[PDB]
Amino acid sequence: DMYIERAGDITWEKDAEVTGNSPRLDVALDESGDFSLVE
Amino acid sequence: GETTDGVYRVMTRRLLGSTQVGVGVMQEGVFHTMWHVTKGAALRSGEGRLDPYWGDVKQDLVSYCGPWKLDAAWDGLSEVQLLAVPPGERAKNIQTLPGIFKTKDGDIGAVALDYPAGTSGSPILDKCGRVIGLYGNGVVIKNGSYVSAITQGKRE
Ligand SMILES: CN(C[C@H]1CCOC1)c1ncncc1Cl
């Protein structure tokens, strides 16, 4: 059996750590919900 | 049980100790998570029970207690926040500019942030605090890094 525990509010945090890049990827989505890269 | 709006951890005691298998959003009395987190199983919230209402393996989404409520969309231009809830760690907001998943059926936003598998279901928000989608279904690119889609459902 699975259970849920509150972890916090959903709010935008000003001065949050800004990281990560913005890649443009050609992808395919299968019937099982799995994404894959197209080349 | 607890019905307050917000982000929640999805735990299980079926494995060693108490293990976090994912995360979800409680909004308007409806719990939202990714399908691969729960496999559509019932959830417990204290003494209460949450039953699946809608779900789709291909979209990789599931709602409990009612229909999917989250309908905000990424504007395609602005930075967003991943409200990451990692296993055994406090919830933290990470700001990023999303990339794009170019598919045969249209483009989807994508956040290039790598977190443990138990972080799946963590909401991605816009500047207004609105949930524009959930983190946890994506791909692994050339260098080994993870890129999640900004996965959003449809509000009927
Ligand atoms: C560690 N992974 C990839 C899984 C998926 C199948 O192979 C390993 C994540 N899964 C969900 N949310 C974030 C991450 Cl990074």
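One is the number of the first residue shown, and numbering goes on along the chain from there.
We read in the header that X-ray crystallography, 1.8 Å was used to get this structure.
A Cβ is built for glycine as well, from the same backbone N, Cα and C atoms used for every other residue.
As recorded in Swiss-Prot:
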- B:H36: active site, charge relay system (ACT_SITE)
- B:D60: active site, charge relay system (ACT_SITE)
- B:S120: active site, charge relay system (ACT_SITE)
Worksheet item: For B:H36 (active site, charge relay system), what residues in its own chain, 6 or more apart in sequence, show a Cβ-Cβ distance under 8 Å?
Response: B:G22, B:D60, B:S120, B:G136, B:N137
Discussion item. I'd like to know which of the active-site residues listed (B:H36, B:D60, B:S120) lie near ligand 1, counting only a CB under 6 Å away.
Written reply: B:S120
